[PDB]
């Protein structure tokens, strides 16, 4: 009954860090290199929380969140936006798509863990 996390970020390093930090903590973690892969993974497995980088090469975190929120099982699933630069503006966009919270890059393991707990 481990909480399932889907972490989306094109960065291999970020994906490894999040996956490593979270799995070591005790989460079941799947990562996706992009929004399309993330959406495919989200449709076959039931994630309890989704972490999405804001700026990715193809599908942005906002469009990914907008899309995943269309999947009925993710109508209310907590979603955390990951980014190096939050802005009053980005946070508004995050509200129009349904984002739940924000995580600032770079994060140390501790902050990542406490942030997930607040939405879970």
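Positions refer to the first chain, counted from 1.
Trainee: Given the B-factors recorded for C-alpha atoms, which segment has the greater mean, 81-89 or 47-55?
Mentor: Averaging CA B-factors over each stretch, the winner is 81-89.
Trainee: Out of 108-116 and 13-21, which one has CA B-factors that are higher on average in the deposited record?
Mentor: Comparing averages over the C-alpha atoms only gives 108-116.
Trainee: Comparing against every modelled residue in the chain, figure out the third that the C-alpha B-factor of residue 70 lands in (lowest, middle or highest).
Mentor: Ranked within chain, residue 70 CA B lands in the highest tercile.
Trainee: For the chain shown, is the CA B-factor of residue 26 in the lowest, middle or highest third of its modelled residues?
Mentor: Within its chain, residue 26 is a middle-third residue by C-alpha B-factor, going by the deposited values.
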